Amino acid sequence: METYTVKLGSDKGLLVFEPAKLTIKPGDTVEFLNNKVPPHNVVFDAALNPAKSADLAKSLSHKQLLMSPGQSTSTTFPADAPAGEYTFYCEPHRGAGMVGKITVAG
Ligand SMILES: [Cu+2]
């Protein structure tokens, strides 16, 4: 089981997730770390995950904006997380491009 870190706001101050795509296994953890240019959150899309399950997406999301410097949240993917793409975005910055994608694979 592995932990992968995704910066919220790149080191260069861009409104992106750094990195914006990652491939992981079920059971792995993605740590989302408040980095630059607040405020950010992490909302998984309800339809764009392999089960098209709003409940799966809710379970992986952190809807609350991260309001402290270097605040961390993490999503440990279920053991039974289905293979495929999981689209997520930052709500405030969605229209600025702050969108990401996790692929779950074996
Ligand atoms: Cu953001």
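Residues numbered from 1 in each chain as written, not as in the entry; some residues may be left out. Heavy atoms only, no water.

- The deposited coordinates for this entry were obtained by X-ray crystallography, with a reported resolution of 1.60 Å.

Looking at the coordination of the copper ion
As a benchmark, a tetrahedral metal site with four donors has ideal angles of 109.5 degrees, while an octahedral site with six donors has ideal angles of 90 or 180 degrees.
Turning to step 1, where the next piece is worked out: Every protein donor of the copper ion is listed here as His40 (ND1), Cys90 (SG), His93 (ND1) and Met98 (SD), and their distances to the metal cover 2.1 to 2.8 Å.
Turning to step 2, where the next piece is worked out: Viewed at the metal, the four donor atoms of the copper ion are separated by angles of 90 to 132°, and the geometry they form is tetrahedral.
Turning to step 3, where the next piece is worked out: As a motif over one chain, the donors of the copper ion read H-x49-C-x2-H-x4-M. With a gap of 50 residues between them, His40 in the loop between β4 (29-34) and β5 (43-44) and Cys90 in the loop between β7 (84-89) and β8 (99-104) connect regions that are remote in the sequence. Here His40 and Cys90 have matching classes, each one buried. (Donors = N, O, S within 2.8 Å, 3.2 Å for Na, K, Ca; no water. Tetrahedral: all angles 85-135°; square planar, octahedral: opposite > 155°, others 65-115°. Helix = DSSP H or I, 4+ residues; strand = E, 2+ residues; numbered from the N terminus. Buried < 20%, exposed > 50% of the residue type's maximum accessible area, 1.4 Å probe, protein only.)

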